[PDB]
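Please read the structure below before turning to the comments.
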Amino acid sequence: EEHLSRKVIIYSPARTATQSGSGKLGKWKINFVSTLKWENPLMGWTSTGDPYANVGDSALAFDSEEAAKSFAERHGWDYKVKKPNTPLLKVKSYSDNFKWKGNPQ
Amino acid sequence: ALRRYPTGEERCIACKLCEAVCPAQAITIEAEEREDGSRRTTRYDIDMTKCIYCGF
Amino acid sequence: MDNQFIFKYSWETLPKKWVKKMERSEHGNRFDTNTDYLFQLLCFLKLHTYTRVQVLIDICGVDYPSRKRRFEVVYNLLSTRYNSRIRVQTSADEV
Amino acid sequence: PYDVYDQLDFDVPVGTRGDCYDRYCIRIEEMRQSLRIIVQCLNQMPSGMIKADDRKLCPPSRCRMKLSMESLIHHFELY
Amino acid sequence: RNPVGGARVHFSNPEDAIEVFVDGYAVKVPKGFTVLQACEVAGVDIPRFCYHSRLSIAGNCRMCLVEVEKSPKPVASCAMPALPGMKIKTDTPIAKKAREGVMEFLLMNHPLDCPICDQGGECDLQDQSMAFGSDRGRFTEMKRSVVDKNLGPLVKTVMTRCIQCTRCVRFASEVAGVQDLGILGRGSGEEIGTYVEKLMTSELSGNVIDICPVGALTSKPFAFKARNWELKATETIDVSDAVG
Amino acid sequence: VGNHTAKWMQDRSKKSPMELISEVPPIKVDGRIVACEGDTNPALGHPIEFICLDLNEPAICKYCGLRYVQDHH
Amino acid sequence: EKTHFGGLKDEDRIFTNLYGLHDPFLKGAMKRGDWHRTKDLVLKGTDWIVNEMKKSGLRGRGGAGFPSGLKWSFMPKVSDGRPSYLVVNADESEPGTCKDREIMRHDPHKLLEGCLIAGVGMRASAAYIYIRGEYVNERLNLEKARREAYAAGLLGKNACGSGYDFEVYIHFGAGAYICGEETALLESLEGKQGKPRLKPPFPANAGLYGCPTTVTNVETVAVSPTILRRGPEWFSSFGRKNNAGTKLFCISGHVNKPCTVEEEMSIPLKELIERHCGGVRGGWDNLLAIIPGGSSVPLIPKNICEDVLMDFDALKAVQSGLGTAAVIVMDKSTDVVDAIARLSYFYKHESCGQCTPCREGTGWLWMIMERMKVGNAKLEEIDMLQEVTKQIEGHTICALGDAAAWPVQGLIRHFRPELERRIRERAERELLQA
Amino acid sequence: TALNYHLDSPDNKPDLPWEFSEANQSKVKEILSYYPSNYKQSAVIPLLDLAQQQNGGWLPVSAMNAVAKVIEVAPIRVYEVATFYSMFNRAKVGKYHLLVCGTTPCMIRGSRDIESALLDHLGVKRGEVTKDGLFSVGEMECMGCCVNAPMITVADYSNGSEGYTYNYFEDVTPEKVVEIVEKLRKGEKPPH
Ligand SMILES: Cc1cc2nc3c(=O)[nH]c(=O)nc-3n(C[C@H](O)[C@H](O)[C@H](O)COP(=O)(O)O)c2cc1C
Ligand code: SF4
Ligand code: SF4
Ligand code: SF4
Ligand code: SF4
Ligand code: FES
Ligand code: FES
Ligand SMILES: [Zn+2]
């Protein structure tokens, strides 16, 4: 009821920049934009009161855009889709390292 | 308990492995480069009421 | 009564429209059926002389949010008569 | 059967009346048979490894992890 | 098959396309593609350390070796151009054994400091050691050691971890446009550095932390503060300038 | 006494670990390299660390903070 | 003849000043027959020169033994705007080899005329001679010869009056063994570190400055004018089929009289040693092992040396190679394990460090060999050494990794009982002493 | 004690001016003339050798920077070249650099019998110059087959680039190497 009207984002997390491997892509997630946390004034621990604090990154997952969109629309959430950025494969040659500079100008 | 080398230096180097493995999430660590450049904890908390005393 | 005999005999004897999928594996023999035939399939397996699946070990659900029928209901059964186990599964949705 | 139960001698007590008294007697007898199994395990206990040797699923020794890169990496990954 | 990472392939003309096989499978790639790129189009992830798609091919780490039919030696897929009718195998015993040997050589002098290395938990070396060479170490001699170098307040340096992949040097020469990093010396004693004392003054200097596959170059202000597995990732844009 | 130690240490009776480790004199080594295990029994110390002594400044073991210098040059 | 090979006569010797008894400069060079009617050879054209080189059956004298005519024919027939370059490899840093040094010392005009001939045969406009940085006196002598050739009109614009323009420049290294490798040589000539390139590209398509380039040995270049003048059939009359021509041999080590000699290809090794070197010191029965050519080929035991011939094919058939034809002879008094460890140290020191298997495995092999020198190892570590050599071999950018792996493999193959005995004796000493 | 990095010192620091002498300018131009004008980097090795000859047998960082300025490249590439090749000396050596202690081909015939006597006569350890700045002992790197071993190498930097020589001496004995040192001190060129 109260938590069924929240706005979410459907997206595919991109590849990290610290690793060259590509094995965590193709997954689709529903971001619940849970950004209400504070510090407990006893130990400094991070407290929250939002039930969807980590379910969107720990449990809820979708193999495709269509599945996530269908789930969001069945639950009634307002969703916006962010298309993922993909690399463009370009012709690369090891011979290019030794290209002739041409006649001196 | 947290231990030291015989020199008095702490053994812990804030690798955060214990925090990762802890089945009860009872360990909380913060760390930073110490003034002499050492990798050391600024905060190392164990909630004795969350801990299951598993030894992991 | 080994899992090769159960697979072959069930293929030969069960009404065809009851089973959509049959898996033979060391992880367990598995029959998938539509929801409308689950009851009759289980009654057959319990009563038939060559199966005698008398013990229902458990029923459990599994959630698959990416599926139109998100729930899968798993029936784990045992034949003490033939010392064999069978798994029967069907899918379901929220309503 | 699982583990080494097929290498062990023990009896399976069964009741004849199906009441509480039969089940009490069965539990007593099961304790006796468990004692039998323990004695056999003690006598047949072999030497050797207590962990599977596949180095992708089991922790290395403390000394190995402090001495070998592969071991350290596996320890880090596993924990 | 979906390309690795959903990579897009653009064809100038369908006539300028060749046909190669990656583990029996038929894949079509543009003329000029390397064997590694053809593998990516096929959806096969080849391990690599020295190759970077935005930097010139080096072919020094030898971790991307694959088997090509009628080839006498294992082939560096990152540098070898793809040819029509080429039969590429990535999971044959030759390729697996080559990967195991190369991984053994890489870890030979590598320091045992994963718990204090910030790359831990997001390390290509750790993952490829777990996957390709799950070989029990047998090197028992003394490891080499390297002194740390001062590169400024942004890039923290632990050069014992460096695997001499030369990605940082090529980034400095080709992307940053500031030739300050080089590879000095020869043999196993070669060391990445500036020779003379000087800090990395390029405004793009911080990217060497991203491109370095090991914890040799790390963020000094971020040093030791967190592990990658406890961090929440948010995809957004920068507002420092009008570039977005 | 520094900001790092003040985050957790609220007792000033004893020296902090940073001061204690700094008071240990550098260990002199014949050679340009030394291996530190942090303990006489290696299995009870830290993962072995090989430390280069080419620089004039004492070299610090990144696990236990022990410092080493070249004895002759 | 076709049956037996050896006993090359003086009238068939190409390097007639090899012993430095005459003037090596221009006047003596022409008196010996150099620069004789080079205009006619140049005017014959590139195709004729290439065909004659192919017919002569000359193979590369730098160690790999590739057929020279085909390699020259790899050069483009029509220029695409880029010029064509000839690079002469005079960077012999291989231990035990001095033949190219002798050629530069005593017959430099042979090298210069061969440079011109090969440049015409490759359609190249300029030649660069890459000399070892330590051959300072040799380099100065070659530069004096080059000035003599330029003054006489034999080089430069309108070379020998033939209408062909050909420049010859002299370049030198700075003490690196890896610079002898052709792509590493090209990189060094470009002003970079001597690090070999991956292939493809091949130098004939993109070599020096990214232009078509052929890198060939000094000995290969210097014999081309004599082959052209005397005819390919005369050159092919020597040696077995596919191993034609004469070869510059140098024999060192435990022989009575070490010397450098020009001999017929496919000559028996034993005949070569007992004919020109006075035999193995202490007799042939005192022989233990022989390294046929240079330190980059595996050794062969005494039983193999009895009948093996000195050519590419015969030494290839016994898991060895002709290499630089630098014969190193070891008698029974040599500690062969110590020599192999010394070679391992050489390869660890000379590795350029570019690629991981060479850079790390060379040092690992050196450490294992140092430990095995005194038996401070286990019996199972010989197998580990073999597997490490196999992990290096075939996985490197250039052939230096193979040259590092080969001597250890040969030692394990031919003298494993010696290593096992050293290990057992060390263990026996360990047991009794403590 | 060769290192892959530089630490500033009073005789070795970037601010010291260093340029090719006027008499070396002809040689630099001739060296550059051998290569296309957009491929000046090709001259790094001969120019480094000439700078080493001019600077008394060693290369301060200022000389490397000057060479980088002549060939128009970043100094890091010149540092790479200077550190890759063993013939370049990046620390001071004497006016006469004596190279001993060869490698595999010559220690079979007992090569390690010349070095210790050389230090004993010179009264210095390997790698350090004598007080008068005349002699320094370095690592010889070998050619040939070492028939007439032991062998040593003498690099003569006493007269700049116009007096530079690089010679090998054969059958050198502990008595003979001292004699060679004595003629070098007196100025006579020892026979070879
Ligand atoms: C480590 C290494 C060192 C080499 N050194 C030399 C050398 O000193 N001289 C040489 O002519 N070839 C040398 N080569 C071989 C060259 O790469 C190349 O094959 C040769 O220049 C071809 O000349 P050729 O065809 O006349 O034999 C070396 C190769 C390697 C891998
Ligand atoms: S963070 Fe935990 S696991 Fe890591 S060193 Fe400290 S106590 Fe040990
Ligand atoms: S880079 Fe760091 S995390 Fe990766 S293997 Fe090396 S020490 Fe471990
Ligand atoms: S510092 Fe990092 S990026 Fe640079 S060569 Fe070493 S491993 Fe590669
Ligand atoms: S094999 Fe050795 S010498 Fe050849 S490129 Fe690799 S590291 Fe350099
Ligand atoms: S990724 Fe190809 S050799 Fe490194
Ligand atoms: S002692 Fe033989 S090369 Fe120097
Ligand atoms: Zn320590």
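We label chains A, B, ... in the order they appear in the structure tokens, count residues from 1 in each chain, and number ligands from 1 in the order shown.
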
Can you pull out the residues contacting stretch 43-60 of chain E? Cut-off 8 Å, using only C-alpha atoms, and skip same-chain residues under 4 positions away; I want them as a short mmCIF file (atom, residue, chain, number, x, y, z; two decimals) with N, CA, C and O atoms, in the first residue's frame.
data_model
loop_
_atom_site.label_atom_id
_atom_site.label_comp_id
_atom_site.auth_asym_id
_atom_site.auth_seq_id
_atom_site.Cartn_x
_atom_site.Cartn_y
_atom_site.Cartn_z
N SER A 20 39.20 -6.40 -15.83
CA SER A 20 38.98 -6.57 -17.26
C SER A 20 37.96 -7.66 -17.58
O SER A 20 37.51 -7.74 -18.73
N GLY A 21 37.59 -8.49 -16.61
CA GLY A 21 36.65 -9.56 -16.88
C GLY A 21 35.23 -9.04 -17.05
O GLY A 21 34.84 -8.01 -16.52
N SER A 22 34.44 -9.80 -17.82
CA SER A 22 33.04 -9.48 -18.09
C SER A 22 32.22 -10.74 -17.84
O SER A 22 31.98 -11.53 -18.76
N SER A 93 45.09 -3.50 -34.65
CA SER A 93 46.19 -4.24 -35.24
C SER A 93 47.47 -3.99 -34.46
O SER A 93 47.78 -2.84 -34.12
N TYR A 94 48.19 -5.07 -34.16
CA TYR A 94 49.51 -4.93 -33.56
C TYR A 94 50.50 -4.28 -34.51
O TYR A 94 51.48 -3.68 -34.06
N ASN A 97 51.50 -0.42 -34.18
CA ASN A 97 52.56 0.07 -33.30
C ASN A 97 53.80 0.50 -34.07
O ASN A 97 54.63 1.24 -33.54
N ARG E 1 25.12 -16.36 -30.42
CA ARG E 1 25.70 -16.08 -29.11
C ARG E 1 25.88 -14.58 -28.89
O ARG E 1 26.30 -13.86 -29.79
N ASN E 2 25.56 -14.13 -27.68
CA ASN E 2 25.77 -12.73 -27.34
C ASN E 2 27.27 -12.45 -27.18
O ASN E 2 27.98 -13.24 -26.55
N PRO E 3 27.76 -11.35 -27.73
CA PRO E 3 29.17 -10.99 -27.53
C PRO E 3 29.46 -10.71 -26.06
O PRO E 3 28.58 -10.36 -25.27
N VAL E 4 30.73 -10.90 -25.69
CA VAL E 4 31.15 -10.70 -24.31
C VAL E 4 30.89 -9.25 -23.91
O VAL E 4 31.35 -8.31 -24.57
N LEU E 36 41.55 -12.70 -30.28
CA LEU E 36 40.86 -12.41 -29.02
C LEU E 36 39.52 -11.74 -29.26
O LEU E 36 38.52 -12.09 -28.63
N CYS E 39 37.06 -14.17 -30.36
CA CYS E 39 36.60 -14.93 -29.20
C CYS E 39 35.53 -14.16 -28.43
O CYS E 39 34.54 -14.74 -27.98
N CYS E 64 46.86 -14.82 -22.61
CA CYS E 64 45.77 -15.01 -23.56
C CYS E 64 46.07 -16.08 -24.59
O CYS E 64 45.41 -16.12 -25.64
N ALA E 76 49.20 -15.97 -29.11
CA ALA E 76 48.72 -14.83 -28.33
C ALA E 76 47.51 -14.24 -29.03
O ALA E 76 47.63 -13.55 -30.04
N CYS E 78 45.51 -11.86 -28.31
CA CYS E 78 45.32 -10.42 -28.29
C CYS E 78 46.00 -9.74 -29.48
O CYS E 78 45.56 -8.67 -29.91
N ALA E 79 47.06 -10.34 -30.02
CA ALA E 79 47.83 -9.72 -31.09
C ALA E 79 47.65 -10.37 -32.45
O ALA E 79 47.83 -9.70 -33.47
N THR E 90 40.15 -22.83 -27.29
CA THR E 90 40.48 -22.07 -26.07
C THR E 90 40.47 -22.96 -24.84
O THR E 90 40.90 -22.51 -23.78
N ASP E 124 42.03 -9.28 -10.68
CA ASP E 124 42.06 -10.21 -11.81
C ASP E 124 43.01 -11.37 -11.55
O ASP E 124 42.74 -12.51 -11.94
N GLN E 128 41.82 -15.25 -11.74
CA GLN E 128 42.40 -16.14 -12.74
C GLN E 128 43.23 -17.25 -12.09
O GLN E 128 43.33 -18.34 -12.65
N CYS E 165 53.16 -5.53 -16.81
CA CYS E 165 52.23 -5.55 -17.93
C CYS E 165 52.32 -4.30 -18.80
O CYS E 165 51.79 -4.31 -19.92
N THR E 166 52.99 -3.25 -18.33
CA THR E 166 53.25 -2.01 -19.07
C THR E 166 51.98 -1.28 -19.49
O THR E 166 52.03 -0.42 -20.37
N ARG E 167 50.83 -1.59 -18.88
CA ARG E 167 49.62 -0.84 -19.19
C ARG E 167 49.74 0.63 -18.78
O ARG E 167 49.29 1.52 -19.50
N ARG E 170 51.96 2.63 -21.31
CA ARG E 170 51.26 2.88 -22.56
C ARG E 170 50.12 3.87 -22.38
O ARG E 170 49.84 4.66 -23.28
N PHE E 171 49.44 3.83 -21.23
CA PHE E 171 48.43 4.84 -20.95
C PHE E 171 49.04 6.23 -20.87
O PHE E 171 48.49 7.20 -21.41
N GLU E 174 50.04 7.24 -24.53
CA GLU E 174 49.05 7.23 -25.60
C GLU E 174 47.75 7.95 -25.25
O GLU E 174 47.11 8.50 -26.15
N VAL E 175 47.34 7.96 -23.98
CA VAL E 175 46.08 8.57 -23.57
C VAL E 175 46.30 9.86 -22.81
O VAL E 175 45.72 10.90 -23.14
N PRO E 213 46.15 -4.00 -13.24
CA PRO E 213 45.38 -5.18 -12.81
C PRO E 213 45.71 -5.65 -11.41
O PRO E 213 44.93 -6.42 -10.84
N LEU G 198 56.35 -9.00 -31.65
CA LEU G 198 55.55 -10.15 -32.02
C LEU G 198 55.39 -10.22 -33.54
O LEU G 198 55.42 -9.20 -34.23
N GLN G 354 60.71 -8.76 -21.34
CA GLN G 354 59.43 -8.30 -21.86
C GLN G 354 58.29 -9.25 -21.49
O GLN G 354 57.26 -8.81 -20.97
N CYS G 355 58.47 -10.54 -21.73
CA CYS G 355 57.39 -11.51 -21.57
C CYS G 355 57.60 -12.36 -20.33
O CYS G 355 58.73 -12.70 -19.96
N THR G 356 56.48 -12.70 -19.69
CA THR G 356 56.51 -13.36 -18.38
C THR G 356 57.27 -14.68 -18.36
O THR G 356 58.12 -14.86 -17.47
N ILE G 397 57.74 -14.68 -26.59
CA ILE G 397 57.66 -13.83 -27.78
C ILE G 397 58.73 -14.22 -28.79
O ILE G 397 58.44 -14.37 -29.99
#

Next on the checklist: List the spatial neighbours of stretch 29-42 of chain D as a PyMOL selection string - criterion: any atom at most 9 Å away, only C-alpha atoms, same-chain residues fewer than 5 positions off excluded.
Outcome noted: chain D and resi 5+8-13+24

Checklist entry - Do you know which residues are within 6 Å of ligand 5 using only C-alpha atoms and all ligand atoms? Can you write them as a list in words? => result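 I would give the residues around ligand 5 as residues 178, 195, 196, 351, 352, 353, 354, 355, 358, 359, 396, 397, 398, 399, 400 and 401 of chain G.
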
Near-ligand residues for ligand 3, threshold 7 Å, only C-alpha atoms and all ligand atoms, as a JSON list (two decimals) with C-alpha atoms, in the first residue's frame:
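In the end it all went to result.json:
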[["chain", "number", "residue", "atom", "x", "y", "z"],
["D", 73, "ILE", "CA", 44.84, -16.51, -2.66],
["E", 110, "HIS", "CA", 54.31, -11.97, -6.38],
["E", 111, "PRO", "CA", 54.18, -10.86, -2.72],
["E", 112, "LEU", "CA", 51.95, -12.60, -0.19],
["E", 113, "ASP", "CA", 50.05, -9.48, 0.82],
["E", 114, "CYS", "CA", 46.45, -10.00, -0.30],
["E", 117, "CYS", "CA", 46.43, -5.14, -0.73],
["E", 118, "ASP", "CA", 43.51, -2.92, -1.72],
["E", 119, "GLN", "CA", 43.00, -4.93, -4.93],
["E", 120, "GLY", "CA", 41.82, -7.88, -2.81],
["E", 121, "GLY", "CA", 38.26, -8.87, -3.65],
["E", 123, "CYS", "CA", 41.68, -8.66, -8.36],
["E", 124, "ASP", "CA", 42.06, -10.21, -11.81],
["E", 125, "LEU", "CA", 45.10, -12.15, -10.60],
["E", 126, "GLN", "CA", 43.14, -13.75, -7.74],
["E", 161, "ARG", "CA", 52.97, -6.46, -6.83],
["E", 214, "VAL", "CA", 47.23, -5.63, -9.50],
["E", 215, "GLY", "CA", 47.54, -3.47, -6.40],
["E", 216, "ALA", "CA", 50.77, -1.90, -7.62]]

Item to check | alpha helix (DSSP H) residues, from DSSP on the backbone, in chain B, as JSON, numbers by chain | outcome: {"B": [17, 18, 19, 20, 21]}

Can you write just those residues out, N, CA, C and O atoms, as a compact mmCIF listing (two decimals), in the first residue's frame?
# COMPACT_ATOMS: atom_id res chain seq x y z
N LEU B 17 38.87 -9.64 6.45
CA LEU B 17 38.42 -11.01 6.20
C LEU B 17 37.47 -11.49 7.30
O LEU B 17 36.45 -12.13 7.00
N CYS B 18 37.79 -11.21 8.56
CA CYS B 18 36.93 -11.65 9.65
C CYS B 18 35.54 -11.02 9.54
O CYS B 18 34.53 -11.69 9.78
N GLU B 19 35.49 -9.74 9.17
CA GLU B 19 34.21 -9.08 8.97
C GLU B 19 33.41 -9.74 7.84
O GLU B 19 32.19 -9.87 7.93
N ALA B 20 34.09 -10.15 6.77
CA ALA B 20 33.40 -10.77 5.64
C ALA B 20 32.83 -12.14 6.01
O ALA B 20 31.68 -12.45 5.67
N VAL B 21 33.61 -12.97 6.70
CA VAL B 21 33.19 -14.34 6.96
C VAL B 21 32.16 -14.44 8.08
O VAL B 21 31.42 -15.42 8.13

Write out as a Markdown table the residues of chain H that have any atom within 7 Å of an atom of chain G, one row each with the nearest atom pair and its distance in Å to one decimal, counting only C-alpha atoms, sorted by chain and then rising number.
| residue | atom | partner | partner_atom | distance |
| --- | --- | --- | --- | --- |
| H:34 | CA | G:169 | CA | 6.4 |
| H:41 | CA | G:191 | CA | 5.0 |
| H:42 | CA | G:191 | CA | 4.1 |
| H:43 | CA | G:191 | CA | 6.5 |
| H:44 | CA | G:191 | CA | 5.7 |
| H:45 | CA | G:191 | CA | 6.9 |
| H:80 | CA | G:193 | CA | 6.9 |
| H:81 | CA | G:193 | CA | 5.6 |
| H:84 | CA | G:193 | CA | 6.4 |
| H:85 | CA | G:174 | CA | 5.5 |
| H:86 | CA | G:175 | CA | 5.5 |
| H:87 | CA | G:174 | CA | 5.2 |
| H:104 | CA | G:342 | CA | 5.8 |
| H:105 | CA | G:95 | CA | 6.7 |
| H:143 | CA | G:95 | CA | 6.2 |
| H:144 | CA | G:96 | CA | 4.9 |
| H:145 | CA | G:96 | CA | 3.7 |
| H:147 | CA | G:252 | CA | 6.8 |
| H:166 | CA | G:136 | CA | 6.4 |

With C-alpha atoms retained, export the selected residues as an mmCIF file, in the first residue's frame.
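Saved file part-v6.cif follows:
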data_model
loop_
_atom_site.group_PDB
_atom_site.id
_atom_site.type_symbol
_atom_site.label_atom_id
_atom_site.label_comp_id
_atom_site.auth_asym_id
_atom_site.auth_seq_id
_atom_site.Cartn_x
_atom_site.Cartn_y
_atom_site.Cartn_z
ATOM 1 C CA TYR H 34 72.665 8.842 -40.980
ATOM 2 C CA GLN H 41 65.491 8.878 -31.968
ATOM 3 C CA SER H 42 67.647 6.273 -33.918
ATOM 4 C CA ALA H 43 70.757 8.379 -32.834
ATOM 5 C CA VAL H 44 70.143 7.883 -29.014
ATOM 6 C CA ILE H 45 72.755 5.124 -28.666
ATOM 7 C CA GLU H 80 65.005 3.605 -20.581
ATOM 8 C CA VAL H 81 67.744 3.287 -23.206
ATOM 9 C CA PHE H 84 68.598 -1.133 -20.603
ATOM 10 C CA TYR H 85 72.122 -1.380 -22.043
ATOM 11 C CA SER H 86 75.120 -2.381 -19.933
ATOM 12 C CA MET H 87 77.782 -0.349 -21.770
ATOM 13 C CA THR H 104 81.119 -18.691 -18.609
ATOM 14 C CA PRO H 105 83.555 -19.149 -21.564
ATOM 15 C CA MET H 143 82.938 -11.759 -26.574
ATOM 16 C CA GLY H 144 84.622 -14.567 -28.452
ATOM 17 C CA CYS H 145 85.597 -17.969 -27.094
ATOM 18 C CA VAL H 147 91.096 -19.168 -25.803
ATOM 19 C CA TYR H 166 88.167 0.329 -25.996
#
